[PDB]
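*Asks:* Just work-v1.txt, nothing more (compact mmCIF, N, CA and C atoms and all ligand atoms):
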```
# COMPACT_ATOMS: atom_id res chain seq x y z
N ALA D 1 0.82 -1.20 0.00
CA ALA D 1 0.00 0.00 0.00
C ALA D 1 0.86 1.26 0.00
N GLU D 2 0.54 2.14 0.93
CA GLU D 2 1.17 3.44 1.10
C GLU D 2 2.65 3.33 1.45
N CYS D 3 3.49 3.34 0.42
CA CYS D 3 4.94 3.34 0.55
C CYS D 3 5.52 1.98 0.91
N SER D 4 4.84 0.93 0.47
CA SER D 4 5.31 -0.41 0.78
C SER D 4 4.44 -1.45 0.08
N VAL D 5 4.99 -2.64 -0.11
CA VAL D 5 4.24 -3.74 -0.70
C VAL D 5 4.38 -4.98 0.19
N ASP D 6 3.37 -5.83 0.16
CA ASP D 6 3.35 -7.14 0.78
C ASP D 6 3.67 -8.22 -0.25
N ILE D 7 4.76 -8.97 -0.07
CA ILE D 7 5.04 -10.04 -1.02
C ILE D 7 5.13 -11.40 -0.33
N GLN D 8 4.60 -12.42 -0.99
CA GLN D 8 4.49 -13.79 -0.55
C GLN D 8 5.51 -14.72 -1.21
N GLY D 9 6.29 -15.40 -0.39
CA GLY D 9 7.16 -16.49 -0.79
C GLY D 9 6.59 -17.82 -0.31
N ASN D 10 6.06 -18.64 -1.21
CA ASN D 10 5.42 -19.88 -0.80
C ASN D 10 6.33 -21.10 -1.00
N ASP D 11 5.73 -22.26 -0.76
CA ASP D 11 6.14 -23.62 -0.91
C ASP D 11 6.30 -24.07 -2.35
N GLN D 12 5.97 -23.21 -3.31
CA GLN D 12 6.11 -23.61 -4.72
C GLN D 12 7.19 -22.79 -5.41
N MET D 13 8.12 -22.28 -4.61
CA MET D 13 9.24 -21.47 -5.08
C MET D 13 8.76 -20.23 -5.84
N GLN D 14 7.83 -19.50 -5.23
CA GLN D 14 7.25 -18.34 -5.89
C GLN D 14 7.21 -17.08 -5.04
N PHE D 15 7.11 -15.98 -5.75
CA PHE D 15 6.78 -14.63 -5.32
C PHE D 15 5.43 -14.27 -5.93
N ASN D 16 4.54 -13.59 -5.20
CA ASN D 16 3.25 -13.33 -5.85
C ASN D 16 3.29 -12.02 -6.64
N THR D 17 4.49 -11.63 -7.06
CA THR D 17 4.64 -10.44 -7.89
C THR D 17 6.00 -10.42 -8.57
N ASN D 18 6.01 -10.10 -9.86
CA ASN D 18 7.29 -9.96 -10.56
C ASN D 18 7.56 -8.50 -10.91
N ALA D 19 6.79 -7.59 -10.30
CA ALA D 19 6.93 -6.17 -10.64
C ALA D 19 6.60 -5.29 -9.44
N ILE D 20 7.65 -4.77 -8.80
CA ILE D 20 7.41 -3.95 -7.62
C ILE D 20 7.53 -2.47 -7.97
N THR D 21 6.49 -1.75 -7.59
CA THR D 21 6.31 -0.34 -7.90
C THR D 21 6.61 0.55 -6.70
N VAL D 22 7.39 1.60 -6.91
CA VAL D 22 7.75 2.51 -5.82
C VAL D 22 7.41 3.95 -6.14
N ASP D 23 6.42 4.55 -5.49
CA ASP D 23 6.14 5.96 -5.79
C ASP D 23 7.38 6.80 -5.48
N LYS D 24 7.72 7.70 -6.40
CA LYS D 24 8.89 8.56 -6.23
C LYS D 24 8.86 9.28 -4.88
N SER D 25 7.70 9.81 -4.51
CA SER D 25 7.45 10.57 -3.30
C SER D 25 7.47 9.75 -2.02
N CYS D 26 8.24 8.68 -2.01
CA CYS D 26 8.49 7.86 -0.83
C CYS D 26 9.91 8.11 -0.34
N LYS D 27 10.08 8.55 0.91
CA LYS D 27 11.47 8.80 1.32
C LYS D 27 12.22 7.48 1.52
N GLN D 28 11.47 6.50 2.00
CA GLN D 28 11.82 5.13 2.29
C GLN D 28 10.80 4.18 1.67
N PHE D 29 11.20 2.93 1.45
CA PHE D 29 10.28 1.93 0.92
C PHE D 29 10.34 0.66 1.76
N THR D 30 9.15 0.20 2.15
CA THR D 30 9.09 -0.99 2.99
C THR D 30 8.55 -2.19 2.22
N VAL D 31 9.23 -3.31 2.44
CA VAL D 31 8.78 -4.59 1.91
C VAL D 31 8.62 -5.56 3.09
N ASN D 32 7.43 -6.10 3.18
CA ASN D 32 7.04 -7.09 4.17
C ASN D 32 6.91 -8.46 3.51
N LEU D 33 7.91 -9.30 3.71
CA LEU D 33 7.94 -10.64 3.13
C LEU D 33 7.17 -11.61 4.02
N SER D 34 6.43 -12.52 3.39
CA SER D 34 5.62 -13.50 4.10
C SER D 34 5.70 -14.86 3.41
N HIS D 35 5.66 -15.91 4.22
CA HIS D 35 5.86 -17.27 3.76
C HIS D 35 4.72 -18.21 4.17
N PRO D 36 3.78 -18.39 3.26
CA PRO D 36 2.68 -19.34 3.52
C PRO D 36 3.18 -20.74 3.20
N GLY D 37 2.51 -21.78 3.69
CA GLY D 37 2.98 -23.14 3.42
C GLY D 37 3.59 -23.75 4.66
N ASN D 38 3.95 -25.03 4.63
CA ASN D 38 4.49 -25.61 5.86
C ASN D 38 5.89 -26.17 5.68
N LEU D 39 6.69 -25.57 4.80
CA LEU D 39 8.06 -26.04 4.60
C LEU D 39 9.03 -25.20 5.41
N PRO D 40 10.04 -25.83 5.99
CA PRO D 40 11.01 -25.10 6.82
C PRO D 40 12.03 -24.34 5.97
N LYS D 41 12.59 -23.31 6.57
CA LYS D 41 13.55 -22.39 5.99
C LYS D 41 14.72 -23.14 5.35
N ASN D 42 15.03 -24.28 5.96
CA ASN D 42 16.17 -25.09 5.59
C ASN D 42 15.82 -26.03 4.44
N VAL D 43 14.55 -26.00 4.04
CA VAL D 43 14.09 -26.86 2.95
C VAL D 43 13.44 -26.03 1.85
N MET D 44 12.84 -24.91 2.23
CA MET D 44 12.23 -24.00 1.27
C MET D 44 12.18 -22.58 1.84
N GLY D 45 13.35 -22.04 2.17
CA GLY D 45 13.40 -20.69 2.70
C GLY D 45 13.56 -19.65 1.62
N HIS D 46 12.97 -18.47 1.80
CA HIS D 46 13.11 -17.39 0.83
C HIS D 46 13.59 -16.12 1.54
N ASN D 47 14.12 -15.20 0.76
CA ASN D 47 14.47 -13.85 1.18
C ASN D 47 14.03 -12.83 0.12
N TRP D 48 14.25 -11.55 0.40
CA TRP D 48 13.97 -10.52 -0.59
C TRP D 48 15.19 -9.62 -0.73
N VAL D 49 15.89 -9.80 -1.85
CA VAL D 49 17.13 -9.08 -2.10
C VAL D 49 17.04 -8.17 -3.33
N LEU D 50 17.55 -6.95 -3.20
CA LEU D 50 17.46 -5.95 -4.25
C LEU D 50 18.83 -5.47 -4.71
N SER D 51 19.00 -5.45 -6.03
CA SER D 51 20.22 -4.91 -6.63
C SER D 51 19.92 -4.44 -8.05
N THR D 52 20.95 -3.95 -8.74
CA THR D 52 20.81 -3.64 -10.16
C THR D 52 20.75 -4.96 -10.94
N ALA D 53 20.23 -4.92 -12.16
CA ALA D 53 20.15 -6.15 -12.94
C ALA D 53 21.54 -6.64 -13.31
N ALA D 54 22.52 -5.75 -13.42
CA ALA D 54 23.86 -6.24 -13.74
C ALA D 54 24.45 -7.02 -12.57
N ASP D 55 24.18 -6.57 -11.34
CA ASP D 55 24.78 -7.22 -10.18
C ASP D 55 23.98 -8.42 -9.67
N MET D 56 22.77 -8.63 -10.18
CA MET D 56 21.92 -9.69 -9.65
C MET D 56 22.59 -11.05 -9.61
N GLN D 57 23.23 -11.46 -10.69
CA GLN D 57 23.79 -12.81 -10.80
C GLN D 57 24.99 -12.98 -9.89
N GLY D 58 25.79 -11.93 -9.75
CA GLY D 58 26.94 -12.00 -8.85
C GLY D 58 26.47 -12.27 -7.42
N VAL D 59 25.47 -11.50 -7.03
CA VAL D 59 24.84 -11.55 -5.71
C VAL D 59 24.18 -12.90 -5.47
N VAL D 60 23.62 -13.47 -6.53
CA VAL D 60 22.98 -14.78 -6.45
C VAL D 60 24.00 -15.91 -6.34
N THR D 61 25.01 -15.85 -7.20
CA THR D 61 26.06 -16.86 -7.23
C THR D 61 26.93 -16.84 -5.98
N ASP D 62 27.14 -15.64 -5.44
CA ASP D 62 27.92 -15.53 -4.20
C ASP D 62 27.06 -15.91 -3.00
N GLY D 63 25.78 -15.55 -3.08
CA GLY D 63 24.85 -15.86 -2.00
C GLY D 63 24.70 -17.37 -1.89
N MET D 64 24.80 -18.01 -3.04
CA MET D 64 24.79 -19.45 -3.20
C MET D 64 25.96 -20.05 -2.42
N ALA D 65 27.08 -19.35 -2.51
CA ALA D 65 28.36 -19.76 -1.95
C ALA D 65 28.42 -19.65 -0.43
N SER D 66 27.91 -18.55 0.10
CA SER D 66 27.98 -18.27 1.53
C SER D 66 27.30 -19.33 2.40
N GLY D 67 26.17 -19.88 1.98
CA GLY D 67 25.54 -20.95 2.74
C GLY D 67 24.30 -20.54 3.51
N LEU D 68 23.70 -21.51 4.18
CA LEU D 68 22.49 -21.39 4.97
C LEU D 68 22.69 -20.51 6.20
N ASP D 69 23.87 -20.52 6.82
CA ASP D 69 24.04 -19.72 8.03
C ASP D 69 24.32 -18.25 7.74
N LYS D 70 24.41 -17.91 6.47
CA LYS D 70 24.56 -16.54 6.00
C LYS D 70 23.33 -16.15 5.19
N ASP D 71 22.29 -16.97 5.32
CA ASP D 71 21.02 -16.73 4.65
C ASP D 71 21.17 -16.73 3.13
N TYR D 72 22.27 -17.27 2.62
CA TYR D 72 22.48 -17.41 1.19
C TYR D 72 22.73 -16.07 0.52
N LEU D 73 23.34 -15.16 1.26
CA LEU D 73 23.84 -13.88 0.81
C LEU D 73 25.28 -13.70 1.30
N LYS D 74 26.10 -13.03 0.50
CA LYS D 74 27.48 -12.79 0.89
C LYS D 74 27.56 -11.69 1.94
N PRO D 75 28.38 -11.91 2.95
CA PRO D 75 28.55 -10.93 4.02
C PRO D 75 28.89 -9.56 3.45
N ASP D 76 28.21 -8.54 3.95
CA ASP D 76 28.35 -7.15 3.53
C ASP D 76 28.49 -7.03 2.02
N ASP D 77 27.75 -7.85 1.27
CA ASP D 77 27.78 -7.69 -0.19
C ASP D 77 27.19 -6.32 -0.55
N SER D 78 28.08 -5.40 -0.88
CA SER D 78 27.83 -4.02 -1.22
C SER D 78 27.06 -3.86 -2.52
N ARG D 79 26.81 -4.98 -3.20
CA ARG D 79 25.95 -4.99 -4.38
C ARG D 79 24.49 -4.99 -3.95
N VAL D 80 24.26 -5.32 -2.68
CA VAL D 80 22.92 -5.44 -2.13
C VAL D 80 22.43 -4.12 -1.54
N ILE D 81 21.46 -3.52 -2.22
CA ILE D 81 20.94 -2.22 -1.80
C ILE D 81 20.12 -2.38 -0.53
N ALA D 82 19.59 -3.59 -0.37
CA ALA D 82 18.80 -3.92 0.81
C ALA D 82 18.32 -5.37 0.67
N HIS D 83 18.05 -5.98 1.81
CA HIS D 83 17.57 -7.35 1.81
C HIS D 83 16.88 -7.72 3.11
N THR D 84 15.83 -8.52 2.99
CA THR D 84 15.23 -9.17 4.14
C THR D 84 16.09 -10.37 4.52
N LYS D 85 15.82 -10.96 5.67
CA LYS D 85 16.54 -12.17 6.08
C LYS D 85 15.81 -13.42 5.61
N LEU D 86 16.46 -14.58 5.66
CA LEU D 86 15.83 -15.80 5.15
C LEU D 86 14.78 -16.31 6.14
N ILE D 87 13.58 -16.53 5.62
CA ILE D 87 12.43 -16.95 6.40
C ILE D 87 11.80 -18.24 5.87
N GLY D 88 11.42 -19.09 6.80
CA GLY D 88 10.74 -20.34 6.52
C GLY D 88 9.23 -20.15 6.59
N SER D 89 8.48 -21.22 6.37
CA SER D 89 7.03 -21.17 6.35
C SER D 89 6.45 -20.57 7.62
N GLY D 90 5.47 -19.69 7.45
CA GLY D 90 4.76 -19.09 8.56
C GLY D 90 5.49 -17.92 9.18
N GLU D 91 6.77 -17.79 8.83
CA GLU D 91 7.59 -16.69 9.31
C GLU D 91 7.33 -15.44 8.47
N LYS D 92 7.88 -14.33 8.94
CA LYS D 92 7.82 -13.06 8.24
C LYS D 92 9.05 -12.24 8.60
N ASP D 93 9.44 -11.37 7.69
CA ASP D 93 10.51 -10.41 7.86
C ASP D 93 10.28 -9.30 6.84
N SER D 94 10.41 -8.08 7.33
CA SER D 94 10.25 -6.88 6.52
C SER D 94 11.58 -6.14 6.45
N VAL D 95 11.76 -5.43 5.35
CA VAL D 95 12.88 -4.54 5.12
C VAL D 95 12.33 -3.20 4.62
N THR D 96 13.07 -2.16 4.95
CA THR D 96 12.89 -0.76 4.67
C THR D 96 14.17 -0.14 4.12
N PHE D 97 14.10 0.70 3.09
CA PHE D 97 15.35 1.30 2.62
C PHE D 97 15.13 2.73 2.13
N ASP D 98 16.22 3.46 1.94
CA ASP D 98 16.18 4.81 1.39
C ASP D 98 15.78 4.78 -0.08
N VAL D 99 14.69 5.45 -0.45
CA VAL D 99 14.29 5.40 -1.86
C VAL D 99 15.28 6.15 -2.75
N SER D 100 16.13 6.96 -2.13
CA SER D 100 17.12 7.72 -2.90
C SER D 100 18.26 6.83 -3.37
N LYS D 101 18.37 5.63 -2.80
CA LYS D 101 19.44 4.73 -3.23
C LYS D 101 19.19 4.19 -4.64
N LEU D 102 17.98 4.39 -5.15
CA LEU D 102 17.61 3.97 -6.50
C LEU D 102 17.81 5.12 -7.49
N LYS D 103 18.96 5.10 -8.14
CA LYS D 103 19.35 6.16 -9.06
C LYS D 103 18.57 6.08 -10.37
N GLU D 104 18.10 7.24 -10.81
CA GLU D 104 17.31 7.32 -12.04
C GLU D 104 18.10 6.76 -13.22
N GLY D 105 17.40 6.05 -14.09
CA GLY D 105 18.02 5.47 -15.27
C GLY D 105 18.70 4.15 -15.02
N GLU D 106 18.42 3.51 -13.88
CA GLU D 106 19.04 2.22 -13.60
C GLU D 106 17.99 1.12 -13.56
N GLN D 107 18.41 -0.11 -13.80
CA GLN D 107 17.55 -1.29 -13.76
C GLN D 107 17.65 -1.99 -12.42
N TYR D 108 16.53 -2.09 -11.70
CA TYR D 108 16.65 -2.76 -10.40
C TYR D 108 15.89 -4.08 -10.39
N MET D 109 16.48 -5.06 -9.72
CA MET D 109 15.93 -6.41 -9.70
C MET D 109 15.79 -6.95 -8.29
N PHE D 110 14.60 -7.48 -7.98
CA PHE D 110 14.47 -8.14 -6.67
C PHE D 110 14.59 -9.64 -6.93
N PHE D 111 15.07 -10.41 -5.96
CA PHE D 111 15.14 -11.85 -6.20
C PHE D 111 15.37 -12.62 -4.90
N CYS D 112 15.05 -13.90 -4.92
CA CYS D 112 15.34 -14.83 -3.84
C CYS D 112 16.70 -15.47 -4.09
N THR D 113 17.61 -15.46 -3.12
CA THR D 113 18.93 -16.02 -3.40
C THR D 113 19.13 -17.49 -3.05
N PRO D 114 18.30 -18.28 -2.40
CA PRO D 114 18.65 -19.71 -2.28
C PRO D 114 18.83 -20.37 -3.65
N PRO D 115 19.60 -21.45 -3.65
CA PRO D 115 20.02 -22.14 -4.87
C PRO D 115 18.85 -22.48 -5.80
N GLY D 116 18.88 -21.86 -6.98
CA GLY D 116 17.91 -22.05 -8.03
C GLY D 116 16.62 -21.28 -7.86
N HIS D 117 16.41 -20.61 -6.73
CA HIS D 117 15.14 -19.92 -6.48
C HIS D 117 14.89 -18.75 -7.41
N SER D 118 15.93 -17.99 -7.75
CA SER D 118 15.75 -16.78 -8.54
C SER D 118 15.19 -17.11 -9.92
N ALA D 119 15.35 -18.35 -10.35
CA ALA D 119 14.87 -18.76 -11.67
C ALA D 119 13.36 -18.57 -11.78
N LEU D 120 12.69 -18.60 -10.63
CA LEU D 120 11.26 -18.33 -10.57
C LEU D 120 11.00 -17.10 -9.70
N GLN D 121 11.80 -16.93 -8.65
CA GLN D 121 11.62 -15.80 -7.74
C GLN D 121 12.58 -14.65 -8.05
N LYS D 122 12.22 -13.83 -9.03
CA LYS D 122 12.96 -12.63 -9.38
C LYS D 122 11.99 -11.62 -9.99
N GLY D 123 12.41 -10.38 -10.21
CA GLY D 123 11.47 -9.41 -10.75
C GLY D 123 12.09 -8.02 -10.85
N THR D 124 11.32 -7.08 -11.38
CA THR D 124 11.67 -5.70 -11.56
C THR D 124 11.11 -4.81 -10.45
N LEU D 125 11.97 -3.91 -9.97
CA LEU D 125 11.53 -2.88 -9.03
C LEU D 125 11.62 -1.54 -9.76
N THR D 126 10.50 -0.81 -9.78
CA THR D 126 10.45 0.41 -10.56
C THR D 126 10.10 1.62 -9.68
N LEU D 127 10.99 2.60 -9.79
CA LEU D 127 10.97 3.93 -9.23
C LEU D 127 10.15 4.85 -10.13
N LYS D 128 8.86 4.56 -10.25
CA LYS D 128 7.93 5.40 -10.99
C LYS D 128 7.81 6.76 -10.30
CU CU H 1 13.26 -18.57 -2.54
```
The structure given in the file should be rewritten as C-alpha cells.

*Replies:*
Amino acid sequence: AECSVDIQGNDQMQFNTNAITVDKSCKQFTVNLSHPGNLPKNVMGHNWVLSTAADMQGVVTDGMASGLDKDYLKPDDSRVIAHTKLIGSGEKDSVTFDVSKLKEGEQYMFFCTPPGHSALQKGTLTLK
C-alpha cells in the first residue's frame, strides 16, 4: 500500500509479484515478506534481495556460496541495496530502505537467493 508492498514467498518457489512499484514521493520503501505453506527455511526458505540487474547474478552466485548460516547472501555484499533475512514457512521479515538509493536510469531487480530460487523468484523494481 502506502509506501510499501506485501510479497508472498510460498512452498512452490514463488513470489506473488514480478513487478514492484515505488512511488517517487516515498522517502523510504518498505517490503514485508511473508511465507505461507508448511516447509522449513532449511528446505524452502526465501528472502527478498534488491540490486541492479547487472549485479543480480553476482549476488545470487555468491549468495549461493555463503551458505544457509549466512542466509544465502554474501557478508556485507555491497551490491545489495537492501535485503530481508531468510524466512521459513509461517515466518515473516520486513525490510525498509532509502528510496534515494535507487538512481534514475538504472535497472533494479528483486530476487530470492537460495540455490535455483531466482529462476522463478525474481522481478523488476520500478521507481515510478
Ligand atoms: Cu526462494

*Asks:* Could you pull out the residues sitting within 6.5 Å of ligand CU 1 (chain H), using only N, CA and C atoms and all ligand atoms, and write them as a list in words?

*Replies:* residues 13, 14, 44, 45, 46, 47, 112, 113, 114, 117, 118 and 121 of chain D

*Asks:* Nearest to residue 72 of chain D among D:16, D:22, D:103, D:115, with distances taken over only N, CA and C atoms: which residue is it?

*Replies:* D:115

*Asks:* Pick out the closest residue to residue 27 of chain D from this set: D:96, D:65, D:105, D:123. Count only C-alpha atoms.

*Replies:* D:96

*Asks:* Running DSSP on the backbone, which parts of segment 3-91 of chain D land in strand (DSSP E or B), as a list in words?

*Replies:* residues 4, 5, 6, 7, 8, 9, 15, 19, 20, 21, 28, 29, 30, 31, 32, 33, 34, 46, 49, 50, 51, 52, 82, 83 and 87 of chain D

*Asks:* Work out how far atom CA of residue 74 of chain D is from atom CA of residue 43 of chain D, in Å to one decimal.

*Replies:* 19.5 Å

*Asks:* Since the input has fewer atoms than a full residue there, write segment 113-125 of chain D out with N, CA, C and O atoms, as a compact mmCIF listing (two decimals), keeping the file's coordinate frame.

*Replies:*
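Everything below was put into result.txt:
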```txt
# COMPACT_ATOMS: atom_id res chain seq x y z
N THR D 113 17.61 -15.46 -3.12
CA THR D 113 18.93 -16.02 -3.40
C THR D 113 19.13 -17.49 -3.05
O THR D 113 20.23 -17.96 -3.43
N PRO D 114 18.30 -18.28 -2.40
CA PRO D 114 18.65 -19.71 -2.28
C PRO D 114 18.83 -20.37 -3.65
O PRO D 114 18.30 -19.88 -4.65
N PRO D 115 19.60 -21.45 -3.65
CA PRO D 115 20.02 -22.14 -4.87
C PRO D 115 18.85 -22.48 -5.80
O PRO D 115 17.98 -23.26 -5.45
N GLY D 116 18.88 -21.86 -6.98
CA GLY D 116 17.91 -22.05 -8.03
C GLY D 116 16.62 -21.28 -7.86
O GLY D 116 15.80 -21.29 -8.78
N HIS D 117 16.41 -20.61 -6.73
CA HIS D 117 15.14 -19.92 -6.48
C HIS D 117 14.89 -18.75 -7.41
O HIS D 117 13.75 -18.49 -7.82
N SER D 118 15.93 -17.99 -7.75
CA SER D 118 15.75 -16.78 -8.54
C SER D 118 15.19 -17.11 -9.92
O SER D 118 14.62 -16.25 -10.60
N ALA D 119 15.35 -18.35 -10.35
CA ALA D 119 14.87 -18.76 -11.67
C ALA D 119 13.36 -18.57 -11.78
O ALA D 119 12.81 -18.40 -12.86
N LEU D 120 12.69 -18.60 -10.63
CA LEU D 120 11.26 -18.33 -10.57
C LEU D 120 11.00 -17.10 -9.70
O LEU D 120 10.09 -16.31 -9.98
N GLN D 121 11.80 -16.93 -8.65
CA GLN D 121 11.62 -15.80 -7.74
C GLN D 121 12.58 -14.65 -8.05
O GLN D 121 13.63 -14.53 -7.42
N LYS D 122 12.22 -13.83 -9.03
CA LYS D 122 12.96 -12.63 -9.38
C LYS D 122 11.99 -11.62 -9.99
O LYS D 122 10.84 -12.00 -10.25
N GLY D 123 12.41 -10.38 -10.21
CA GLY D 123 11.47 -9.41 -10.75
C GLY D 123 12.09 -8.02 -10.85
O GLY D 123 13.24 -7.85 -10.45
N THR D 124 11.32 -7.08 -11.38
CA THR D 124 11.67 -5.70 -11.56
C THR D 124 11.11 -4.81 -10.45
O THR D 124 9.95 -4.91 -10.07
N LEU D 125 11.97 -3.91 -9.97
CA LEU D 125 11.53 -2.88 -9.03
C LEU D 125 11.62 -1.54 -9.76
O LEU D 125 12.67 -1.20 -10.29
```
